[PDB]
$ cat model_35.pdb   # PDB, C-alpha atoms
ATOM      1  CA  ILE O  33      -8.671   3.552  14.248  1.00  0.00           C
ATOM      2  CA  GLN O  34     -10.112   0.353  15.817  1.00  0.00           C
ATOM      3  CA  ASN O  35      -9.848  -0.330  19.543  1.00  0.00           C
ATOM      4  CA  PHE O  36     -11.383  -2.873  21.887  1.00  0.00           C
ATOM      5  CA  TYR O  37     -14.165  -0.528  22.950  1.00  0.00           C
ATOM      6  CA  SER O  38     -15.337   0.382  19.453  1.00  0.00           C
ATOM      7  CA  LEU O  39     -15.036  -3.289  18.443  1.00  0.00           C
ATOM      8  CA  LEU O  40     -17.617  -4.117  21.113  1.00  0.00           C
ATOM      9  CA  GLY O  41     -19.591  -0.891  20.366  1.00  0.00           C
ATOM     10  CA  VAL O  42     -19.240   0.495  23.924  1.00  0.00           C
ATOM     11  CA  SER O  43     -17.741   3.530  25.541  1.00  0.00           C
ATOM     12  CA  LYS O  44     -14.255   3.692  27.107  1.00  0.00           C
ATOM     13  CA  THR O  45     -16.037   4.312  30.442  1.00  0.00           C
ATOM     14  CA  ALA O  46     -18.371   1.274  30.127  1.00  0.00           C
ATOM     15  CA  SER O  47     -18.861  -0.851  33.264  1.00  0.00           C
ATOM     16  CA  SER O  48     -17.931  -4.624  33.217  1.00  0.00           C
ATOM     17  CA  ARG O  49     -21.645  -5.332  33.058  1.00  0.00           C
ATOM     18  CA  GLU O  50     -22.057  -3.133  29.907  1.00  0.00           C
ATOM     19  CA  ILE O  51     -19.090  -4.797  28.296  1.00  0.00           C
ATOM     20  CA  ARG O  52     -20.569  -8.291  28.934  1.00  0.00           C
ATOM     21  CA  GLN O  53     -23.892  -7.285  27.528  1.00  0.00           C
ATOM     22  CA  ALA O  54     -22.357  -5.874  24.353  1.00  0.00           C
ATOM     23  CA  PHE O  55     -20.119  -8.936  23.896  1.00  0.00           C
ATOM     24  CA  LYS O  56     -23.068 -11.311  24.539  1.00  0.00           C
ATOM     25  CA  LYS O  57     -25.187  -9.682  21.864  1.00  0.00           C
ATOM     26  CA  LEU O  58     -22.334 -10.104  19.354  1.00  0.00           C
ATOM     27  CA  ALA O  59     -21.932 -13.759  20.425  1.00  0.00           C
ATOM     28  CA  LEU O  60     -25.618 -14.750  20.173  1.00  0.00           C
ATOM     29  CA  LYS O  61     -25.754 -13.471  16.564  1.00  0.00           C
ATOM     30  CA  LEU O  62     -22.291 -14.296  15.302  1.00  0.00           C
ATOM     31  CA  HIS O  63     -21.049 -17.436  17.053  1.00  0.00           C
ATOM     32  CA  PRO O  64     -19.132 -19.645  14.458  1.00  0.00           C
ATOM     33  CA  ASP O  65     -21.031 -22.826  15.470  1.00  0.00           C
ATOM     34  CA  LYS O  66     -24.285 -21.060  14.535  1.00  0.00           C
ATOM     35  CA  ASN O  67     -22.898 -19.657  11.281  1.00  0.00           C
ATOM     36  CA  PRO O  68     -21.100 -22.616   9.639  1.00  0.00           C
ATOM     37  CA  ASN O  69     -21.691 -21.372   6.171  1.00  0.00           C
ATOM     38  CA  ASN O  70     -19.608 -18.286   6.877  1.00  0.00           C
ATOM     39  CA  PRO O  71     -15.792 -19.061   6.624  1.00  0.00           C
ATOM     40  CA  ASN O  72     -14.760 -15.812   8.416  1.00  0.00           C
ATOM     41  CA  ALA O  73     -17.141 -16.347  11.355  1.00  0.00           C
ATOM     42  CA  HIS O  74     -14.418 -18.081  13.378  1.00  0.00           C
ATOM     43  CA  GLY O  75     -11.752 -15.347  12.766  1.00  0.00           C
ATOM     44  CA  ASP O  76     -14.161 -12.468  13.391  1.00  0.00           C
ATOM     45  CA  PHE O  77     -15.299 -14.003  16.704  1.00  0.00           C
ATOM     46  CA  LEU O  78     -11.713 -14.663  17.871  1.00  0.00           C
ATOM     47  CA  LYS O  79     -11.095 -10.862  17.619  1.00  0.00           C
ATOM     48  CA  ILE O  80     -14.243  -9.977  19.606  1.00  0.00           C
ATOM     49  CA  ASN O  81     -13.408 -12.668  22.195  1.00  0.00           C
ATOM     50  CA  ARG O  82      -9.801 -11.380  22.563  1.00  0.00           C
ATOM     51  CA  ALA O  83     -11.197  -7.848  23.149  1.00  0.00           C
ATOM     52  CA  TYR O  84     -13.682  -9.109  25.740  1.00  0.00           C
ATOM     53  CA  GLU O  85     -11.022 -11.132  27.593  1.00  0.00           C
ATOM     54  CA  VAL O  86      -8.831  -8.080  28.023  1.00  0.00           C
ATOM     55  CA  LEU O  87     -11.601  -5.618  28.970  1.00  0.00           C
ATOM     56  CA  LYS O  88     -13.211  -8.071  31.419  1.00  0.00           C
ATOM     57  CA  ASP O  89     -10.182  -8.108  33.688  1.00  0.00           C
ATOM     58  CA  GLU O  90      -9.448  -4.982  35.745  1.00  0.00           C
ATOM     59  CA  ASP O  91      -5.637  -5.253  35.550  1.00  0.00           C
ATOM     60  CA  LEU O  92      -5.590  -6.048  31.831  1.00  0.00           C
ATOM     61  CA  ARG O  93      -8.103  -3.288  30.998  1.00  0.00           C
ATOM     62  CA  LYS O  94      -6.025  -0.741  32.985  1.00  0.00           C
ATOM     63  CA  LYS O  95      -2.937  -1.761  31.059  1.00  0.00           C
ATOM     64  CA  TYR O  96      -4.849  -1.573  27.736  1.00  0.00           C
ATOM     65  CA  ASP O  97      -6.235   1.879  28.629  1.00  0.00           C
ATOM     66  CA  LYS O  98      -2.787   3.130  29.353  1.00  0.00           C
ATOM     67  CA  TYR O  99      -0.641   1.446  26.708  1.00  0.00           C
ATOM     68  CA  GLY O 100      -2.861  -0.175  24.063  1.00  0.00           C
ATOM     69  CA  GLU O 101      -1.979  -3.751  23.159  1.00  0.00           C
ATOM     70  CA  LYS O 102       1.386  -3.805  24.923  1.00  0.00           C
ATOM     71  CA  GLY O 103       2.438  -7.375  25.849  1.00  0.00           C
ATOM     72  CA  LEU O 104      -0.575  -8.939  24.024  1.00  0.00           C
ATOM     73  CA  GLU O 105      -0.210 -11.578  21.285  1.00  0.00           C
ATOM     74  CA  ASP O 106      -2.095 -11.497  17.981  1.00  0.00           C
ATOM     75  CA  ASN O 107      -3.436 -15.037  18.544  1.00  0.00           C
ATOM     76  CA  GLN O 108      -4.337 -14.930  22.294  1.00  0.00           C
ATOM     77  CA  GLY O 109      -8.055 -14.943  23.332  1.00  0.00           C
ATOM     78  CA  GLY O 110      -8.654 -17.981  21.122  1.00  0.00           C
ATOM     79  CA  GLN O 111     -10.663 -20.199  23.467  1.00  0.00           C
ATOM     80  CA  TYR O 112     -14.355 -19.471  23.338  1.00  0.00           C
ATOM     81  CA  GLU O 113     -17.390 -21.311  24.642  1.00  0.00           C
ATOM     82  CA  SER O 114     -20.528 -22.694  23.015  1.00  0.00           C
ATOM     83  CA  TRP O 115     -23.448 -20.532  21.853  1.00  0.00           C
ATOM     84  CA  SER O 116     -25.462 -22.159  24.640  1.00  0.00           C
ATOM     85  CA  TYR O 117     -22.906 -21.010  27.192  1.00  0.00           C
ATOM     86  CA  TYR O 118     -23.388 -17.364  26.044  1.00  0.00           C
ATOM     87  CA  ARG O 119     -27.131 -17.725  25.820  1.00  0.00           C
ATOM     88  CA  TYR O 120     -27.783 -19.217  29.243  1.00  0.00           C
ATOM     89  CA  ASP O 121     -24.553 -19.274  31.349  1.00  0.00           C
ATOM     90  CA  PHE O 122     -22.982 -15.849  30.833  1.00  0.00           C
ATOM     91  CA  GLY O 123     -23.577 -12.613  32.824  1.00  0.00           C
ATOM     92  CA  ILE O 124     -26.277 -14.482  34.742  1.00  0.00           C
ATOM     93  CA  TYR O 125     -27.606 -11.595  36.771  1.00  0.00           C
ATOM     94  CA  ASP O 126     -26.935  -8.702  34.354  1.00  0.00           C
ATOM     95  CA  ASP O 127     -30.625  -8.148  33.660  1.00  0.00           C
ATOM     96  CA  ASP O 128     -31.640  -8.235  37.376  1.00  0.00           C
ATOM     97  CA  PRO O 129     -31.157  -4.695  38.661  1.00  0.00           C
ATOM     98  CA  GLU O 130     -31.781  -5.894  42.290  1.00  0.00           C
ATOM     99  CA  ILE O 131     -28.611  -7.924  42.265  1.00  0.00           C
ATOM    100  CA  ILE O 132     -25.134  -6.471  42.068  1.00  0.00           C
ATOM    101  CA  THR O 133     -22.499  -8.693  40.385  1.00  0.00           C
ATOM    102  CA  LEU O 134     -19.283  -7.905  42.222  1.00  0.00           C
ATOM    103  CA  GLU O 135     -15.760  -8.213  40.916  1.00  0.00           C
ATOM    104  CA  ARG O 136     -12.777  -8.260  43.387  1.00  0.00           C
ATOM    105  CA  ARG O 137     -12.399  -4.442  43.986  1.00  0.00           C
ATOM    106  CA  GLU O 138     -16.114  -3.940  44.470  1.00  0.00           C
ATOM    107  CA  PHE O 139     -16.434  -7.096  46.607  1.00  0.00           C
ATOM    108  CA  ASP O 140     -13.705  -5.889  48.993  1.00  0.00           C
ATOM    109  CA  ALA O 141     -15.333  -2.428  49.221  1.00  0.00           C
ATOM    110  CA  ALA O 142     -18.743  -4.050  49.904  1.00  0.00           C
ATOM    111  CA  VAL O 143     -17.442  -6.154  52.808  1.00  0.00           C
ATOM    112  CA  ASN O 144     -15.472  -3.177  54.217  1.00  0.00           C
ATOM    113  CA  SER O 145     -18.236  -0.574  53.928  1.00  0.00           C
ATOM    114  CA  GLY O 146     -20.346  -1.642  56.915  1.00  0.00           C
ATOM    115  CA  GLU O 147     -23.447  -2.398  54.821  1.00  0.00           C
ATOM    116  CA  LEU O 148     -25.094  -5.797  55.177  1.00  0.00           C
ATOM    117  CA  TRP O 149     -24.419  -7.897  51.999  1.00  0.00           C
ATOM    118  CA  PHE O 150     -25.775 -11.320  51.125  1.00  0.00           C
ATOM    119  CA  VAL O 151     -23.729 -12.766  48.282  1.00  0.00           C
ATOM    120  CA  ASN O 152     -24.274 -15.778  46.010  1.00  0.00           C
ATOM    121  CA  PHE O 153     -20.920 -17.274  44.960  1.00  0.00           C
ATOM    122  CA  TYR O 154     -21.610 -19.284  41.808  1.00  0.00           C
ATOM    123  CA  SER O 155     -19.652 -20.871  38.953  1.00  0.00           C
ATOM    124  CA  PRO O 156     -20.410 -21.368  35.237  1.00  0.00           C
ATOM    125  CA  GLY O 157     -21.549 -24.919  34.320  1.00  0.00           C
ATOM    126  CA  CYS O 158     -23.170 -25.444  37.726  1.00  0.00           C
ATOM    127  CA  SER O 159     -26.593 -27.110  37.668  1.00  0.00           C
ATOM    128  CA  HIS O 160     -27.365 -26.201  41.320  1.00  0.00           C
ATOM    129  CA  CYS O 161     -26.464 -22.566  40.579  1.00  0.00           C
ATOM    130  CA  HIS O 162     -28.915 -22.539  37.669  1.00  0.00           C
ATOM    131  CA  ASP O 163     -31.548 -24.109  39.812  1.00  0.00           C
ATOM    132  CA  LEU O 164     -31.124 -21.375  42.438  1.00  0.00           C
ATOM    133  CA  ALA O 165     -30.949 -18.431  39.955  1.00  0.00           C
ATOM    134  CA  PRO O 166     -34.676 -17.737  39.529  1.00  0.00           C
ATOM    135  CA  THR O 167     -35.227 -17.868  43.315  1.00  0.00           C
ATOM    136  CA  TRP O 168     -32.223 -15.637  44.010  1.00  0.00           C
ATOM    137  CA  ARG O 169     -33.798 -13.098  41.573  1.00  0.00           C
ATOM    138  CA  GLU O 170     -37.278 -13.368  43.208  1.00  0.00           C
ATOM    139  CA  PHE O 171     -35.720 -13.059  46.675  1.00  0.00           C
ATOM    140  CA  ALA O 172     -33.672  -9.990  45.626  1.00  0.00           C
ATOM    141  CA  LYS O 173     -36.874  -8.248  44.523  1.00  0.00           C
ATOM    142  CA  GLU O 174     -38.642  -9.079  47.742  1.00  0.00           C
ATOM    143  CA  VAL O 175     -35.938  -7.656  50.008  1.00  0.00           C
ATOM    144  CA  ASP O 176     -34.887  -4.847  47.661  1.00  0.00           C
ATOM    145  CA  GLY O 177     -33.399  -1.926  49.626  1.00  0.00           C
ATOM    146  CA  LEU O 178     -33.508  -3.764  52.980  1.00  0.00           C
ATOM    147  CA  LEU O 179     -30.000  -5.114  52.548  1.00  0.00           C
ATOM    148  CA  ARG O 180     -27.580  -5.446  49.651  1.00  0.00           C
ATOM    149  CA  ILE O 181     -27.794  -8.497  47.462  1.00  0.00           C
ATOM    150  CA  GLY O 182     -24.681  -9.613  45.528  1.00  0.00           C
ATOM    151  CA  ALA O 183     -23.398 -12.309  43.217  1.00  0.00           C
ATOM    152  CA  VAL O 184     -19.818 -13.389  42.543  1.00  0.00           C
ATOM    153  CA  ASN O 185     -18.847 -15.340  39.423  1.00  0.00           C
ATOM    154  CA  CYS O 186     -16.115 -17.650  40.640  1.00  0.00           C
ATOM    155  CA  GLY O 187     -15.407 -18.610  37.012  1.00  0.00           C
ATOM    156  CA  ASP O 188     -13.991 -15.156  36.527  1.00  0.00           C
ATOM    157  CA  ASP O 189     -11.986 -15.039  39.821  1.00  0.00           C
ATOM    158  CA  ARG O 190     -11.155 -18.401  41.350  1.00  0.00           C
ATOM    159  CA  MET O 191      -8.765 -17.020  43.857  1.00  0.00           C
ATOM    160  CA  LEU O 192     -11.344 -14.576  45.272  1.00  0.00           C
ATOM    161  CA  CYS O 193     -13.660 -17.560  45.887  1.00  0.00           C
ATOM    162  CA  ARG O 194     -10.814 -19.587  47.354  1.00  0.00           C
ATOM    163  CA  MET O 195      -9.861 -16.702  49.611  1.00  0.00           C
ATOM    164  CA  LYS O 196     -13.374 -16.574  51.015  1.00  0.00           C
ATOM    165  CA  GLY O 197     -13.379 -20.316  51.679  1.00  0.00           C
ATOM    166  CA  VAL O 198     -15.656 -21.113  48.734  1.00  0.00           C
ATOM    167  CA  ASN O 199     -14.876 -24.512  47.119  1.00  0.00           C
ATOM    168  CA  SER O 200     -18.337 -25.680  46.026  1.00  0.00           C
ATOM    169  CA  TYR O 201     -21.271 -23.862  44.398  1.00  0.00           C
ATOM    170  CA  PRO O 202     -23.548 -22.171  44.994  1.00  0.00           C
ATOM    171  CA  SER O 203     -22.207 -20.807  48.289  1.00  0.00           C
ATOM    172  CA  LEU O 204     -24.272 -18.110  49.944  1.00  0.00           C
ATOM    173  CA  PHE O 205     -22.683 -15.945  52.652  1.00  0.00           C
ATOM    174  CA  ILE O 206     -23.833 -12.899  54.504  1.00  0.00           C
ATOM    175  CA  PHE O 207     -21.186 -10.229  55.324  1.00  0.00           C
ATOM    176  CA  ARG O 208     -20.927  -7.032  57.315  1.00  0.00           C
ATOM    177  CA  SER O 209     -17.726  -5.111  58.131  1.00  0.00           C
ATOM    178  CA  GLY O 210     -16.567  -5.954  61.653  1.00  0.00           C
ATOM    179  CA  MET O 211     -18.344  -9.288  61.782  1.00  0.00           C
ATOM    180  CA  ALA O 212     -17.447 -12.840  60.737  1.00  0.00           C
ATOM    181  CA  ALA O 213     -19.182 -13.992  57.522  1.00  0.00           C
ATOM    182  CA  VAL O 214     -22.130 -16.349  58.076  1.00  0.00           C
ATOM    183  CA  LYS O 215     -22.898 -19.137  55.581  1.00  0.00           C
ATOM    184  CA  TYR O 216     -26.533 -19.778  54.658  1.00  0.00           C
ATOM    185  CA  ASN O 217     -27.465 -23.438  55.108  1.00  0.00           C
ATOM    186  CA  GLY O 218     -31.210 -23.540  54.413  1.00  0.00           C
ATOM    187  CA  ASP O 219     -33.398 -25.220  51.787  1.00  0.00           C
ATOM    188  CA  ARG O 220     -32.850 -22.399  49.224  1.00  0.00           C
ATOM    189  CA  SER O 221     -36.580 -21.611  49.068  1.00  0.00           C
ATOM    190  CA  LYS O 222     -37.489 -17.954  48.584  1.00  0.00           C
ATOM    191  CA  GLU O 223     -39.170 -17.877  52.039  1.00  0.00           C
ATOM    192  CA  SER O 224     -36.074 -19.447  53.675  1.00  0.00           C
ATOM    193  CA  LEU O 225     -33.748 -16.858  52.045  1.00  0.00           C
ATOM    194  CA  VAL O 226     -36.061 -14.026  53.155  1.00  0.00           C
ATOM    195  CA  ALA O 227     -36.283 -15.358  56.779  1.00  0.00           C
ATOM    196  CA  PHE O 228     -32.528 -15.716  56.898  1.00  0.00           C
ATOM    197  CA  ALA O 229     -31.761 -12.302  55.407  1.00  0.00           C
ATOM    198  CA  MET O 230     -34.334 -10.647  57.639  1.00  0.00           C
ATOM    199  CA  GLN O 231     -32.908 -12.007  60.876  1.00  0.00           C
ATOM    200  CA  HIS O 232     -29.615 -10.408  59.906  1.00  0.00           C
ATOM    201  CA  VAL O 233     -31.281  -7.124  58.846  1.00  0.00           C
ATOM    202  CA  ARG O 234     -33.048  -7.071  62.287  1.00  0.00           C
ATOM    203  CA  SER O 235     -29.816  -7.670  64.172  1.00  0.00           C
ATOM    204  CA  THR O 236     -28.284  -4.379  63.751  1.00  0.00           C
ATOM    205  CA  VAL O 237     -25.023  -4.025  65.710  1.00  0.00           C
ATOM    206  CA  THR O 238     -27.212  -3.221  68.750  1.00  0.00           C
ATOM    207  CA  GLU O 239     -30.453  -4.524  70.293  1.00  0.00           C
ATOM    208  CA  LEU O 240     -33.453  -3.423  72.264  1.00  0.00           C
TER     209      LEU O 240
END

$ encode --input "model_35.pdb" --output "structure tokens"
Amino acid sequence: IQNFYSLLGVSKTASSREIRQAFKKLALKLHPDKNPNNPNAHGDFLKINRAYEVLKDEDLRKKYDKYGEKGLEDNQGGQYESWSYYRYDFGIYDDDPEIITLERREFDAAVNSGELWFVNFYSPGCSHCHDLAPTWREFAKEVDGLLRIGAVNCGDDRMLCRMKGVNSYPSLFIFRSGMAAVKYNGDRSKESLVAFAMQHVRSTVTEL
């Protein structure tokens, strides 16, 4: 019997990252715009997209896990993006193991834990975010293990970004439980990011 998990080819315990990756693979092969000679391409993709939109959201996935398709409509999940969007603007940091992409629950835990986190708040369709992406990845490798490096997709949770006083993108903030967040305001070079992160790593909560 079909369910959203088996439709995407993933386990019921898959992470949000695994779910994006499985969905993306389906999209890059099957997108209707790329398969115009196939009349069912549109309908088939609508079903995969509807699955993805439920599983991507923690509340909606919990509800689905518990009750199946309760309260869903047969034709919801109908608005999908271009092939190019899935190819270049979707799950941006999913193949960068040095960067953790945080959803709301995990973001709140991160900032409460006491660990030092430096988080890139970005949004889909953002040219400055794409410009910064390769450098954020290179930076995350350089400082790997010295502090925690995060990313938040504001496209997926606008209110989280709003809550944290993020209204323009990219916005880079460093956080540690018990201290006020500090915004990064440098030139976005890899050496600038490193020098900024490292002053905060050096500051512990005490000094010599």

$ atom_distance --input "model_35.pdb" --atom1 "atom CA of residue O:196" --atom2 "atom CA of residue O:228"
20.1 Å

$ resolve_selection --input "model_35.pdb" --expression "the PyMOL selection byres ((chain O and resi 214-218) around 6)" --output "number ranges by chain"
O: 204-206, 213, 219-220

$ resolve_selection --input "model_35.pdb" --expression "the PyMOL selection byres ((chain O and resi 115) around 9)" --output "PDB file with C-alpha atoms, in the coordinates of the input"
ATOM      1  CA  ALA O  59     -21.932 -13.759  20.425  1.00  0.00           C
ATOM      2  CA  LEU O  60     -25.618 -14.750  20.173  1.00  0.00           C
ATOM      3  CA  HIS O  63     -21.049 -17.436  17.053  1.00  0.00           C
ATOM      4  CA  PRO O  64     -19.132 -19.645  14.458  1.00  0.00           C
ATOM      5  CA  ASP O  65     -21.031 -22.826  15.470  1.00  0.00           C
ATOM      6  CA  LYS O  66     -24.285 -21.060  14.535  1.00  0.00           C
ATOM      7  CA  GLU O 113     -17.390 -21.311  24.642  1.00  0.00           C
ATOM      8  CA  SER O 114     -20.528 -22.694  23.015  1.00  0.00           C
ATOM      9  CA  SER O 116     -25.462 -22.159  24.640  1.00  0.00           C
ATOM     10  CA  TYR O 117     -22.906 -21.010  27.192  1.00  0.00           C
ATOM     11  CA  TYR O 118     -23.388 -17.364  26.044  1.00  0.00           C
ATOM     12  CA  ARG O 119     -27.131 -17.725  25.820  1.00  0.00           C
ATOM     13  CA  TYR O 120     -27.783 -19.217  29.243  1.00  0.00           C
TER      14      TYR O 120
END

$ closest_residue --input "model_35.pdb" --among "O:94, O:58, O:184, O:42" --to "residue O:140" --atoms "all atoms listed in the file"
O:184

$ atom_distance --input "model_35.pdb" --atom1 "atom CA of residue O:234" --atom2 "atom CA of residue O:182"
18.9 Å

$ closest_atom_pairs --input "model_35.pdb" --of "stretch 180-212 of chain O" --to "stretch 162-170 of chain O" --cutoff "10 Å" --atoms "only C-alpha atoms" --output "tab-separated table"
residue	atom	partner	partner_atom	distance
O:181	CA	O:168	CA	9.1
O:182	CA	O:168	CA	9.8
O:183	CA	O:168	CA	9.5
O:202	CA	O:164	CA	8.0

$ resolve_selection --input "model_35.pdb" --expression "the PyMOL selection byres ((chain O and resi 106-112) around 7)" --output "ChimeraX atom specification"
/O:78,81-82,85,104-105,113-114

$ closest_residue --input "model_35.pdb" --among "O:103, O:71, O:41, O:210" --to "residue O:84" --atoms "all atoms listed in the file"
O:41

$ axis_aligned_box --input "model_35.pdb" --around "stretch 212-227 of chain O" --padding-each-side "4 Å" --output "AutoDock Vina command-line options"
--center_x -28.3 --center_y -19.0 --center_z 54.7 --size_x 29.7 --size_y 20.4 --size_z 20.2

$ atom_distance --input "model_35.pdb" --atom1 "atom CA of residue O:46" --atom2 "atom CA of residue O:90"
12.3 Å

$ residues_around --input "model_35.pdb" --residues "residue O:207" --least-positions-apart "2" --cutoff "8 Å" --atoms "only C-alpha atoms" --output "PyMOL selection string"
chain O and resi 143+148-151+205+209+211-214

$ decode --input "model_35.pdb" --residues "stretch 58-84 of chain O" --atoms "C-alpha atoms" --output "PDB file, in the first residue's frame"
ATOM      1  CA  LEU O  58      12.996  12.478  -8.639  1.00  0.00           C
ATOM      2  CA  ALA O  59      12.613  16.137  -9.707  1.00  0.00           C
ATOM      3  CA  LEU O  60      15.821  16.380 -11.775  1.00  0.00           C
ATOM      4  CA  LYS O  61      14.772  13.321 -13.831  1.00  0.00           C
ATOM      5  CA  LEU O  62      11.019  13.720 -13.983  1.00  0.00           C
ATOM      6  CA  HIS O  63      10.163  17.425 -13.950  1.00  0.00           C
ATOM      7  CA  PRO O  64       7.202  18.051 -16.427  1.00  0.00           C
ATOM      8  CA  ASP O  65       8.978  21.012 -18.108  1.00  0.00           C
ATOM      9  CA  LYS O  66      11.841  18.653 -19.013  1.00  0.00           C
ATOM     10  CA  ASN O  67       9.527  15.867 -20.182  1.00  0.00           C
ATOM     11  CA  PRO O  68       6.941  17.624 -22.399  1.00  0.00           C
ATOM     12  CA  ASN O  69       6.361  14.617 -24.532  1.00  0.00           C
ATOM     13  CA  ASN O  70       5.031  12.701 -21.545  1.00  0.00           C
ATOM     14  CA  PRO O  71       1.324  13.655 -20.783  1.00  0.00           C
ATOM     15  CA  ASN O  72       1.380  12.077 -17.270  1.00  0.00           C
ATOM     16  CA  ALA O  73       4.593  13.854 -16.218  1.00  0.00           C
ATOM     17  CA  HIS O  74       2.622  16.723 -14.671  1.00  0.00           C
ATOM     18  CA  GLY O  75       0.233  14.442 -12.657  1.00  0.00           C
ATOM     19  CA  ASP O  76       3.005  12.120 -11.470  1.00  0.00           C
ATOM     20  CA  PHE O  77       5.096  15.077 -10.239  1.00  0.00           C
ATOM     21  CA  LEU O  78       2.132  16.689  -8.430  1.00  0.00           C
ATOM     22  CA  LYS O  79       1.886  13.482  -6.298  1.00  0.00           C
ATOM     23  CA  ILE O  80       5.619  13.471  -5.455  1.00  0.00           C
ATOM     24  CA  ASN O  81       5.494  17.218  -4.692  1.00  0.00           C
ATOM     25  CA  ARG O  82       2.435  16.784  -2.401  1.00  0.00           C
ATOM     26  CA  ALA O  83       4.327  14.021  -0.516  1.00  0.00           C
ATOM     27  CA  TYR O  84       7.430  16.194  -0.163  1.00  0.00           C
TER      28      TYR O  84
END
